[PDB]
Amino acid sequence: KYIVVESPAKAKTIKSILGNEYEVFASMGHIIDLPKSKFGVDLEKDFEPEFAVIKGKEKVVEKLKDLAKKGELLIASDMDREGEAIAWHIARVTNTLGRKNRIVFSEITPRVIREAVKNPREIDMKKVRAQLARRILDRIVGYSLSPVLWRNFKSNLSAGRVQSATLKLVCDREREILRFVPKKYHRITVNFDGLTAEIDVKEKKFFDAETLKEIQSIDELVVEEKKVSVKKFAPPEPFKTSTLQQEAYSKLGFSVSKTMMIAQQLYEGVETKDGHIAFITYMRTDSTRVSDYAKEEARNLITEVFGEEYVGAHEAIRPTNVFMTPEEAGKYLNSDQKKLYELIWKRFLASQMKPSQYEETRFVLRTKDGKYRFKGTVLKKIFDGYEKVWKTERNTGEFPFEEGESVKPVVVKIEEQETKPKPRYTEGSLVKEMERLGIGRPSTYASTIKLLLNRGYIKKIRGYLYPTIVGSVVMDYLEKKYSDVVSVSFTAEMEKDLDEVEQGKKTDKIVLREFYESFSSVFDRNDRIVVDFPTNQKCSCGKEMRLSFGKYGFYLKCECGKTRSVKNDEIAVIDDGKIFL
């Protein structure tokens, strides 16, 4: 009996579980792939893919074949569509496709793996076709456009439409910021007994000087309205991929790629010397679902540690063993691993606890002349519930006053302010937006972001993401020549379609034929352009500068001064055909 995995870390963990019952073999990654050099898809035979053994993996292939002749060869790749395709490759080279030989699991624990190896299944060809269709789409786009982008801008669109749609989100945000016109207004607050209230106005306003003098003179208010109601706050959901990446960015400072690397370590298992042990469930998931087993262990822990009054195919990202507390975990985990584990643990435990309960007092105060009103709220905690674990500070206090009572002293604070544009994306907030719009999936949020940064299409400055000269220019070309095909809308629609292919609810060939019609109608292989944009930069002679591109890359020029060179990753946005540096 042989078990095949992709990584040496997974092999160790599974071997720790099963011992001598099974022989465990690691492929050291992929064995078979589309031709590295050639296009590798036959457009004349309904998008038929061409596969070749990866150079350097031939010995691996031969060993797989040998093992499959010696006993049953179970395949324990990860459960996503990429893993399913790895499993399909192994089955095909070994001539075992159709046998119940594929093992399915969300965690690498004694309990789950021991059961999983006794219940193998047939490879899921729906999942395989979804994956192969993604590979084919990216290959059609990549091999068509990357030469055209090399010819014109010395660049390329490898990670296909998902990369281009995410780049577009960043450029779209940058234009929103560029076009924003701030408005001056006053923030007016009244303060009394640890409470605050804001002036009640229909919209933000810059008040005239005499009005400000009048308002600043207020030293007494009357309670006009007080409404008290019970407010419950729901606990957070257990993590999925997108939410882990967001929160680990905002709470720990981890780039999304670092979060996925640490999370892989904790899912695959780490070497301790109580053997090789796993800490979390699989890290590529769109689900916040929790197993009955996990729910019950969490109830038991909560009941015991906090009290029973605190008790509230893909799975959430959660600890495998809730009794492996963060404190316990530090004997085994490095500092970064322990931070992520702790985050995951608290999120999951909190998700299983009661909503918190507060009394909210909503109040209105007025001047005695009836000219001005101020509104505020205050909360009083009744029950902390999940907040004992998912630490939360709210605006708490006391409102002892009743309707009609005068309040004195009151202190007024008037502050000149200016409206602000939407913030730029951070890695975490870009992932939020990709999920919101159906762009990218658990396997591709982090690698898409990493790729955009690595190619210089976007640049990070103090955690914020900016489009660049080459990012802006490439995006503009794609929009001009491939409008519909590279839209956020068409990219999200394709992702939905691949998910239906996965579920057996649409056909891969229909999806591909339909895409290829759309693409091939607009695709122009010989397109030769001259980069030439007006800009927001001026020469000292007075003339405006224009952006050009030559053998030494991008430069600025005018019809009287000297030419300034510009780097590919200088920050830039194109709006209405003009490049803003």
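From 1 onward, residues are counted along the sequence shown.
Sequence continuity check, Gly312 and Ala313 (deposited residues unmodelled): The entry has a long gap there, with 10 or more residues left out between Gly312 and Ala313.
Do the CA atoms of 475 to 483 or those of 115 to 123 have the higher mean B-factor in the entry? For C-alpha atoms only, the mean B-factor is higher in 475 to 483.
Given the B-factors recorded for C-alpha atoms, which segment has the greater mean, 210 to 218 or 246 to 254? Taking the mean C-alpha B-factor of 246 to 254 and of 210 to 218, the larger value falls to 210 to 218.
Per the coordinate record, which of the options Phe306, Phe180, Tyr445, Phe279 holds the highest CA temperature factor? Reading the PDB entry, the winner on C-alpha B-factor is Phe306.
Given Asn191, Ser489, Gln417, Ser77, the residue at which the Cα B factor reaches its maximum: In this record, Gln417 carries the highest C-alpha B-factor of the candidates.
Should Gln537 be placed in the lowest, middle or highest third of its chain by the C-alpha B factor in the entry? Middle third by C-alpha B-factor.
By the record's CA B-factor, is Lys65 among the lowest, middle or highest third of residues in the chain? It belongs to the lowest third of the chain when residues are ordered by C-alpha B-factor.
Based on the deposited C-alpha B factors for this chain, I'd like to know if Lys295 is in the lowest, middle or highest third. As the PDB entry reports it, the C-alpha B-factor of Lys295 lands in the middle third of its chain.
Third of chain Cα B-factors occupied by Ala572: Bottom third by C-alpha B-factor.
Could you say whether, by C-alpha temperature factor, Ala159 belongs to the lowest, middle or highest third of its chain? For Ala159, whose C-alpha B-factor we compare with every modelled residue in the chain, the answer is the highest third.
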